[PDB]
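Asker: Below is the structure I would like to discuss, written out as structure tokens.
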Amino acid sequence: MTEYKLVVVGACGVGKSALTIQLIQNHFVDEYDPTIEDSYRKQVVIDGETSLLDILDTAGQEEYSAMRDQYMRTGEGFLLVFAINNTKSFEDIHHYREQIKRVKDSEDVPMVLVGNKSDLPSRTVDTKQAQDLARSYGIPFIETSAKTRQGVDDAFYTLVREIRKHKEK
Ligand SMILES: *CCC(=O)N1CCN(c2ncnc3c(F)c(-c4c(O)cccc4F)c(Cl)cc23)CC1
Ligand SMILES: Nc1nc2c(ncn2[C@@H]2O[C@H](COP(=O)(O)OP(=O)(O)O)[C@@H](O)[C@H]2O)c(=O)[nH]1
Ligand SMILES: [Ca+2]
Ligand SMILES: [Ca+2]
Ligand SMILES: [Ca+2]
Ligand SMILES: [Ca+2]
């Protein structure tokens, strides 16, 4: 009854593919081709309404392309993924947000900030610092583990709720 294009972004190694493959195939990948980009589909009921999700798992290279702009423009909501043990990945979030804003030609784009790898003890990004970032962006923040599945469905489903909220703006 409604289709949603979701796009998963963030630095290399943060767990984009792991999170996506957990959601879709219900297993954790220890190693997955670091540059392949593909889309996945899945149907989910969220708040009583059937959602047909088309999920783009981004990767590729550190480069601009008009082709990438074109697929990114199709996205209706974005997961901004960092790893909680990788401060550089957190620092990179700003860039991803900016580039989304660019291609969507909009400051108000449905997004969720995702702190992945929450199962690891060696955290270098505080929950508070993320929460404050997400506050400044006006978006939710969810901590996930693709390894244990903690928060995986929540991250994706919260993004759909964000998209729904926006489509009524
Ligand atoms: C390990 C491979 C990997 O996961 N990645 C490769 C580097 N990526 C990446 N690097 C820099 N900038 C990126 C970027 F700006 C976008 C982006 C564009 O170009 C337009 C609109 C919205 C965007 F997020 C993307 Cl998709 C990837 C970028 C990805 C991570
Ligand atoms: N411990 C832990 N490792 C993870 C988690 N998510 C991803 N990884 C690992 O981190 C590495 C990169 O994951 P991947 O999904 O390929 O990252 P991507 O480059 O963002 O697509 C892999 O070794 C994964 O097994 C997580 O939640 N916990
Ligand atoms: Ca990947
Ligand atoms: Ca404009
Ligand atoms: Ca601005
Ligand atoms: Ca908002």
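Lettering and numbering for the structure tokens are positional, with chains as A, B, ... in the shown order, residues counted from 1 in each chain, and ligands counted from 1 in the shown order.
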Residues near residue 91 of chain A, anyone? I mean within 12 Å using only C-alpha atoms, not counting same-chain ones fewer than 6 positions away, as a PDB file with N, CA, C and O atoms, in the first residue's frame.
Answerer:
```
ATOM      1  N   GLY A  10      27.220   6.328   4.832  1.00  0.00           N
ATOM      2  CA  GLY A  10      28.209   6.429   5.861  1.00  0.00           C
ATOM      3  C   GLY A  10      29.565   5.875   5.388  1.00  0.00           C
ATOM      4  O   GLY A  10      29.631   5.233   4.332  1.00  0.00           O
ATOM      5  N   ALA A  11      30.587   6.091   6.170  1.00  0.00           N
ATOM      6  CA  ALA A  11      31.929   5.781   5.780  1.00  0.00           C
ATOM      7  C   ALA A  11      32.136   4.298   5.566  1.00  0.00           C
ATOM      8  O   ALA A  11      31.441   3.422   6.098  1.00  0.00           O
ATOM      9  N   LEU A  80      22.019   7.577   8.300  1.00  0.00           N
ATOM     10  CA  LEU A  80      23.401   8.152   8.395  1.00  0.00           C
ATOM     11  C   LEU A  80      24.109   7.294   9.402  1.00  0.00           C
ATOM     12  O   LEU A  80      23.908   7.400  10.588  1.00  0.00           O
ATOM     13  N   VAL A  81      24.934   6.355   8.934  1.00  0.00           N
ATOM     14  CA  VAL A  81      25.502   5.362   9.757  1.00  0.00           C
ATOM     15  C   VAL A  81      26.956   5.727  10.132  1.00  0.00           C
ATOM     16  O   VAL A  81      27.769   6.014   9.203  1.00  0.00           O
ATOM     17  N   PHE A  82      27.298   5.728  11.418  1.00  0.00           N
ATOM     18  CA  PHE A  82      28.661   5.713  11.883  1.00  0.00           C
ATOM     19  C   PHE A  82      28.903   4.486  12.773  1.00  0.00           C
ATOM     20  O   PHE A  82      27.917   3.847  13.156  1.00  0.00           O
ATOM     21  N   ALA A  83      30.172   4.201  13.098  1.00  0.00           N
ATOM     22  CA  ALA A  83      30.468   3.179  14.109  1.00  0.00           C
ATOM     23  C   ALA A  83      30.918   3.838  15.405  1.00  0.00           C
ATOM     24  O   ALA A  83      31.718   4.771  15.359  1.00  0.00           O
ATOM     25  N   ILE A  84      30.428   3.294  16.482  1.00  0.00           N
ATOM     26  CA  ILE A  84      30.655   3.916  17.800  1.00  0.00           C
ATOM     27  C   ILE A  84      32.098   3.814  18.249  1.00  0.00           C
ATOM     28  O   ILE A  84      32.457   4.465  19.244  1.00  0.00           O
ATOM     29  N   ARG A  97      25.349  14.320   5.360  1.00  0.00           N
ATOM     30  CA  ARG A  97      24.158  15.131   5.459  1.00  0.00           C
ATOM     31  C   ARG A  97      24.113  16.261   4.461  1.00  0.00           C
ATOM     32  O   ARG A  97      23.128  16.530   3.782  1.00  0.00           O
ATOM     33  N   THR A 124      34.414   5.030  21.221  1.00  0.00           N
ATOM     34  CA  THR A 124      35.088   6.283  21.194  1.00  0.00           C
ATOM     35  C   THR A 124      34.177   7.469  20.957  1.00  0.00           C
ATOM     36  O   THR A 124      34.646   8.608  21.129  1.00  0.00           O
ATOM     37  N   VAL A 125      32.912   7.260  20.539  1.00  0.00           N
ATOM     38  CA  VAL A 125      31.934   8.302  20.407  1.00  0.00           C
ATOM     39  C   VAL A 125      30.878   8.117  21.517  1.00  0.00           C
ATOM     40  O   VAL A 125      30.132   7.117  21.520  1.00  0.00           O
ATOM     41  N   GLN A 129      27.215  12.824  22.728  1.00  0.00           N
ATOM     42  CA  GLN A 129      27.677  13.619  21.641  1.00  0.00           C
ATOM     43  C   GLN A 129      26.786  13.320  20.375  1.00  0.00           C
ATOM     44  O   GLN A 129      26.469  14.243  19.588  1.00  0.00           O
ATOM     45  N   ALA A 130      26.503  12.050  20.161  1.00  0.00           N
ATOM     46  CA  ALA A 130      25.597  11.708  19.083  1.00  0.00           C
ATOM     47  C   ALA A 130      24.203  12.301  19.255  1.00  0.00           C
ATOM     48  O   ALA A 130      23.579  12.703  18.333  1.00  0.00           O
ATOM     49  N   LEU A 133      24.231  15.874  18.437  1.00  0.00           N
ATOM     50  CA  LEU A 133      24.293  16.082  16.996  1.00  0.00           C
ATOM     51  C   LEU A 133      22.893  15.887  16.334  1.00  0.00           C
ATOM     52  O   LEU A 133      22.394  16.693  15.573  1.00  0.00           O
TER      53      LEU A 133
END
```
Asker: Determine which residues of segment 1-132 of chain A receive a DSSP assignment of helix (DSSP H, G or I), computed from the backbone, and state them as a PyMOL selection string.
Answerer: chain A and resi 16-25+66-73+87-104+127-132
Asker: Ligand 2: which residues are within 6 Å, counting only C-alpha atoms and all ligand atoms? Reply as a PDB file with N, CA, C and O atoms, in the first residue's frame.
Answerer:
```pdb
ATOM      1  N   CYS A  12      33.271   3.980   4.915  1.00  0.00           N
ATOM      2  CA  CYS A  12      33.663   2.587   4.745  1.00  0.00           C
ATOM      3  C   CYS A  12      33.812   1.945   6.051  1.00  0.00           C
ATOM      4  O   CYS A  12      34.479   2.453   6.948  1.00  0.00           O
ATOM      5  N   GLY A  13      33.303   0.716   6.179  1.00  0.00           N
ATOM      6  CA  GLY A  13      33.504  -0.110   7.354  1.00  0.00           C
ATOM      7  C   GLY A  13      32.562   0.080   8.553  1.00  0.00           C
ATOM      8  O   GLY A  13      32.727  -0.565   9.577  1.00  0.00           O
ATOM      9  N   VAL A  14      31.590   0.954   8.434  1.00  0.00           N
ATOM     10  CA  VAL A  14      30.704   1.279   9.564  1.00  0.00           C
ATOM     11  C   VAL A  14      29.655   0.215   9.777  1.00  0.00           C
ATOM     12  O   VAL A  14      29.109   0.109  10.914  1.00  0.00           O
ATOM     13  N   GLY A  15      29.402  -0.601   8.751  1.00  0.00           N
ATOM     14  CA  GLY A  15      28.407  -1.681   8.863  1.00  0.00           C
ATOM     15  C   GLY A  15      27.158  -1.458   8.017  1.00  0.00           C
ATOM     16  O   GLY A  15      26.092  -2.023   8.333  1.00  0.00           O
ATOM     17  N   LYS A  16      27.200  -0.661   6.957  1.00  0.00           N
ATOM     18  CA  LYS A  16      26.051  -0.491   6.040  1.00  0.00           C
ATOM     19  C   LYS A  16      25.571  -1.790   5.513  1.00  0.00           C
ATOM     20  O   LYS A  16      24.327  -2.074   5.596  1.00  0.00           O
ATOM     21  N   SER A  17      26.434  -2.587   4.902  1.00  0.00           N
ATOM     22  CA  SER A  17      25.980  -3.853   4.332  1.00  0.00           C
ATOM     23  C   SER A  17      25.551  -4.815   5.417  1.00  0.00           C
ATOM     24  O   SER A  17      24.525  -5.513   5.272  1.00  0.00           O
ATOM     25  N   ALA A  18      26.255  -4.863   6.533  1.00  0.00           N
ATOM     26  CA  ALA A  18      25.891  -5.788   7.607  1.00  0.00           C
ATOM     27  C   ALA A  18      24.522  -5.482   8.070  1.00  0.00           C
ATOM     28  O   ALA A  18      23.691  -6.386   8.416  1.00  0.00           O
ATOM     29  N   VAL A  29      27.048 -10.795   8.398  1.00  0.00           N
ATOM     30  CA  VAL A  29      28.281 -10.993   7.572  1.00  0.00           C
ATOM     31  C   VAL A  29      29.532 -10.442   8.246  1.00  0.00           C
ATOM     32  O   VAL A  29      29.556  -9.211   8.616  1.00  0.00           O
ATOM     33  N   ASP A  30      30.540 -11.307   8.492  1.00  0.00           N
ATOM     34  CA  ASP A  30      31.877 -10.929   9.067  1.00  0.00           C
ATOM     35  C   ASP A  30      32.736 -10.127   8.049  1.00  0.00           C
ATOM     36  O   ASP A  30      33.740  -9.417   8.463  1.00  0.00           O
ATOM     37  N   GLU A  31      32.454 -10.284   6.781  1.00  0.00           N
ATOM     38  CA  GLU A  31      33.247  -9.680   5.696  1.00  0.00           C
ATOM     39  C   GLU A  31      32.285  -9.667   4.516  1.00  0.00           C
ATOM     40  O   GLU A  31      31.583 -10.685   4.285  1.00  0.00           O
ATOM     41  N   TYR A  32      32.178  -8.531   3.813  1.00  0.00           N
ATOM     42  CA  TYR A  32      31.313  -8.434   2.629  1.00  0.00           C
ATOM     43  C   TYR A  32      31.990  -7.457   1.666  1.00  0.00           C
ATOM     44  O   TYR A  32      32.547  -6.394   2.080  1.00  0.00           O
ATOM     45  N   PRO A  34      33.532  -4.740  -0.244  1.00  0.00           N
ATOM     46  CA  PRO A  34      33.434  -3.358   0.295  1.00  0.00           C
ATOM     47  C   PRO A  34      33.005  -2.340  -0.729  1.00  0.00           C
ATOM     48  O   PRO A  34      32.767  -1.158  -0.328  1.00  0.00           O
ATOM     49  N   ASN A 116      26.243   2.395  14.942  1.00  0.00           N
ATOM     50  CA  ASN A 116      26.405   0.962  14.831  1.00  0.00           C
ATOM     51  C   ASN A 116      27.606   0.467  15.591  1.00  0.00           C
ATOM     52  O   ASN A 116      28.498   1.193  16.079  1.00  0.00           O
ATOM     53  N   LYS A 117      27.621  -0.843  15.740  1.00  0.00           N
ATOM     54  CA  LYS A 117      28.614  -1.600  16.510  1.00  0.00           C
ATOM     55  C   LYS A 117      28.460  -1.396  18.024  1.00  0.00           C
ATOM     56  O   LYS A 117      29.457  -1.469  18.747  1.00  0.00           O
ATOM     57  N   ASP A 119      27.566  -3.366  20.233  1.00  0.00           N
ATOM     58  CA  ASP A 119      28.044  -4.531  20.951  1.00  0.00           C
ATOM     59  C   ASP A 119      29.533  -4.415  21.378  1.00  0.00           C
ATOM     60  O   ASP A 119      30.003  -5.149  22.242  1.00  0.00           O
ATOM     61  N   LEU A 120      30.308  -3.542  20.745  1.00  0.00           N
ATOM     62  CA  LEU A 120      31.717  -3.441  21.105  1.00  0.00           C
ATOM     63  C   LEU A 120      31.970  -2.588  22.363  1.00  0.00           C
ATOM     64  O   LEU A 120      31.423  -1.540  22.507  1.00  0.00           O
ATOM     65  N   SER A 145      23.349  -2.791  16.634  1.00  0.00           N
ATOM     66  CA  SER A 145      24.380  -3.810  16.389  1.00  0.00           C
ATOM     67  C   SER A 145      23.903  -4.746  15.284  1.00  0.00           C
ATOM     68  O   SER A 145      22.966  -5.489  15.514  1.00  0.00           O
ATOM     69  N   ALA A 146      24.545  -4.669  14.121  1.00  0.00           N
ATOM     70  CA  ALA A 146      24.242  -5.640  13.081  1.00  0.00           C
ATOM     71  C   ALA A 146      24.642  -7.041  13.579  1.00  0.00           C
ATOM     72  O   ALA A 146      24.095  -8.050  13.118  1.00  0.00           O
ATOM     73  N   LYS A 147      25.587  -7.120  14.472  1.00  0.00           N
ATOM     74  CA  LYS A 147      26.034  -8.459  14.957  1.00  0.00           C
ATOM     75  C   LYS A 147      24.996  -9.133  15.792  1.00  0.00           C
ATOM     76  O   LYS A 147      24.713 -10.322  15.619  1.00  0.00           O
TER      77      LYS A 147
END
```
Asker: Write out as a list in words the residues lying within 8 Å of residue 96 of chain A, counting only C-alpha atoms and excluding same-chain residues fewer than 3 positions away.
Answerer: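 Listed by chain and then number, they are residues 9, 10, 80, 92, 93, 99 and 100 of chain A.
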Asker: Store the residues picked out above in a file with N, CA and C atoms, as a PDB file, in the first residue's frame.
Answerer:
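And here is the file that came out, out33.pdb:
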```
ATOM      1  N   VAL A   9      23.810   5.242   4.102  1.00  0.00           N
ATOM      2  CA  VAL A   9      25.106   5.938   3.821  1.00  0.00           C
ATOM      3  C   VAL A   9      25.937   5.967   5.041  1.00  0.00           C
ATOM      4  N   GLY A  10      27.220   6.328   4.832  1.00  0.00           N
ATOM      5  CA  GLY A  10      28.209   6.429   5.861  1.00  0.00           C
ATOM      6  C   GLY A  10      29.565   5.875   5.388  1.00  0.00           C
ATOM      7  N   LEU A  80      22.019   7.577   8.300  1.00  0.00           N
ATOM      8  CA  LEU A  80      23.401   8.152   8.395  1.00  0.00           C
ATOM      9  C   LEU A  80      24.109   7.294   9.402  1.00  0.00           C
ATOM     10  N   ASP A  92      32.505  12.240   9.768  1.00  0.00           N
ATOM     11  CA  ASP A  92      32.068  12.172   8.357  1.00  0.00           C
ATOM     12  C   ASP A  92      30.564  12.376   8.159  1.00  0.00           C
ATOM     13  N   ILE A  93      29.788  12.188   9.254  1.00  0.00           N
ATOM     14  CA  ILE A  93      28.340  12.298   9.170  1.00  0.00           C
ATOM     15  C   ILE A  93      27.936  13.643   8.552  1.00  0.00           C
ATOM     16  N   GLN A  99      25.746  16.408   1.597  1.00  0.00           N
ATOM     17  CA  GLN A  99      25.589  15.913   0.199  1.00  0.00           C
ATOM     18  C   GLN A  99      24.135  15.451  -0.090  1.00  0.00           C
ATOM     19  N   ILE A 100      23.488  14.869   0.903  1.00  0.00           N
ATOM     20  CA  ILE A 100      22.048  14.584   0.765  1.00  0.00           C
ATOM     21  C   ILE A 100      21.208  15.868   0.522  1.00  0.00           C
TER      22      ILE A 100
END
```
Asker: Determine, counting only C-alpha atoms, which protein, DNA and RNA residues have an atom within 6 Å of an atom of residue 7 of chain A; residues of the same chain fewer than 6 positions away are not included. Present the result as a VMD selection string.
Answerer: chain A and resid 55 to 56 75 78
Asker: Step by step, measure atom-to-atom distances between ligand 5 and each residue using only C-alpha atoms and all ligand atoms, keep those at most 12 Å, then write them as a ChimeraX atom specification.
Answerer: /A:94-95,97-102,105-108,137
Asker: Please produce a file of those selected residues containing C-alpha atoms, as a PDB file, in the first residue's frame.
Answerer:
```
ATOM      1  CA  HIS A  94      28.277  16.041   8.500  1.00  0.00           C
ATOM      2  CA  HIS A  95      29.509  15.473   4.932  1.00  0.00           C
ATOM      3  CA  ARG A  97      24.158  15.131   5.459  1.00  0.00           C
ATOM      4  CA  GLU A  98      25.389  17.998   3.360  1.00  0.00           C
ATOM      5  CA  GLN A  99      25.589  15.913   0.199  1.00  0.00           C
ATOM      6  CA  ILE A 100      22.048  14.584   0.765  1.00  0.00           C
ATOM      7  CA  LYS A 101      20.815  18.159   1.233  1.00  0.00           C
ATOM      8  CA  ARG A 102      22.496  19.025  -2.002  1.00  0.00           C
ATOM      9  CA  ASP A 105      17.766  20.456  -2.834  1.00  0.00           C
ATOM     10  CA  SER A 106      16.233  20.506   0.589  1.00  0.00           C
ATOM     11  CA  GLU A 107      17.306  21.141   4.137  1.00  0.00           C
ATOM     12  CA  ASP A 108      14.498  19.005   5.582  1.00  0.00           C
ATOM     13  CA  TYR A 137      19.802  18.085  12.999  1.00  0.00           C
TER      14      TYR A 137
END
```
Asker: Identify which of the residues A:48, A:60, A:151, A:138 lies closest to ligand 3, counting only C-alpha atoms and all ligand atoms when measuring atom-to-atom distances.
Answerer: A:60
Asker: Write out as an MDAnalysis selection string the set of residues from chain A that DSSP, computed on the backbone, places in strand (DSSP E).
Answerer: chainID A and resid 2:9 38:46 49:57 77:83 111:116 141:143
Asker: Please provide as a PyMOL selection string all residues within 8 Å of residue 112 of chain A, with the sequence filter that same-chain residues fewer than 2 positions apart are discarded (counting only C-alpha atoms).
Answerer: chain A and resi 78-80+110+114+139-142+155+158-159
Asker: Print the selection's residues with N, CA, C and O atoms to a file, as a JSON list (two decimals), in the first residue's frame.
Answerer:
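Printed below is selection03.json as written:
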```
[["chain", "number", "residue", "atom", "x", "y", "z"],
["A", 78, "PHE", "N", 17.13, 8.59, 4.54],
["A", 78, "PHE", "CA", 18.48, 8.19, 4.61],
["A", 78, "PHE", "C", 18.90, 7.76, 5.98],
["A", 78, "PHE", "O", 18.59, 8.50, 6.93],
["A", 79, "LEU", "N", 19.59, 6.60, 6.14],
["A", 79, "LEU", "CA", 20.23, 6.23, 7.38],
["A", 79, "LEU", "C", 21.66, 6.76, 7.31],
["A", 79, "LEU", "O", 22.45, 6.39, 6.37],
["A", 80, "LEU", "N", 22.02, 7.58, 8.30],
["A", 80, "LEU", "CA", 23.40, 8.15, 8.40],
["A", 80, "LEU", "C", 24.11, 7.29, 9.40],
["A", 80, "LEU", "O", 23.91, 7.40, 10.59],
["A", 110, "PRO", "N", 14.06, 13.41, 5.35],
["A", 110, "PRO", "CA", 13.92, 12.39, 6.38],
["A", 110, "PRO", "C", 15.25, 11.64, 6.55],
["A", 110, "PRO", "O", 15.83, 11.08, 5.56],
["A", 114, "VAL", "N", 22.44, 6.70, 12.97],
["A", 114, "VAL", "CA", 22.62, 5.34, 13.44],
["A", 114, "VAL", "C", 24.03, 5.15, 13.95],
["A", 114, "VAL", "O", 24.97, 5.34, 13.17],
["A", 139, "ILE", "N", 16.66, 15.15, 14.10],
["A", 139, "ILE", "CA", 16.42, 13.78, 13.61],
["A", 139, "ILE", "C", 16.58, 12.85, 14.82],
["A", 139, "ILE", "O", 17.28, 13.10, 15.78],
["A", 140, "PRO", "N", 15.99, 11.61, 14.69],
["A", 140, "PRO", "CA", 16.25, 10.60, 15.71],
["A", 140, "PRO", "C", 17.65, 10.02, 15.66],
["A", 140, "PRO", "O", 18.29, 10.02, 14.57],
["A", 141, "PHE", "N", 18.04, 9.47, 16.80],
["A", 141, "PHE", "CA", 19.30, 8.75, 16.93],
["A", 141, "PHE", "C", 19.01, 7.41, 17.51],
["A", 141, "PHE", "O", 18.40, 7.32, 18.58],
["A", 142, "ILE", "N", 19.56, 6.35, 16.84],
["A", 142, "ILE", "CA", 19.38, 4.95, 17.29],
["A", 142, "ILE", "C", 20.72, 4.30, 17.30],
["A", 142, "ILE", "O", 21.45, 4.38, 16.29],
["A", 155, "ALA", "N", 15.89, 0.93, 13.66],
["A", 155, "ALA", "CA", 16.51, 1.97, 12.82],
["A", 155, "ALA", "C", 15.75, 2.16, 11.53],
["A", 155, "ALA", "O", 15.41, 3.24, 11.10],
["A", 158, "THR", "N", 12.03, 3.29, 12.11],
["A", 158, "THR", "CA", 11.97, 4.71, 12.50],
["A", 158, "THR", "C", 12.17, 5.56, 11.27],
["A", 158, "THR", "O", 11.49, 6.59, 11.10],
["A", 159, "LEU", "N", 13.06, 5.16, 10.37],
["A", 159, "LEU", "CA", 13.21, 5.95, 9.13],
["A", 159, "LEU", "C", 11.91, 5.99, 8.30],
["A", 159, "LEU", "O", 11.54, 7.05, 7.80]]
```
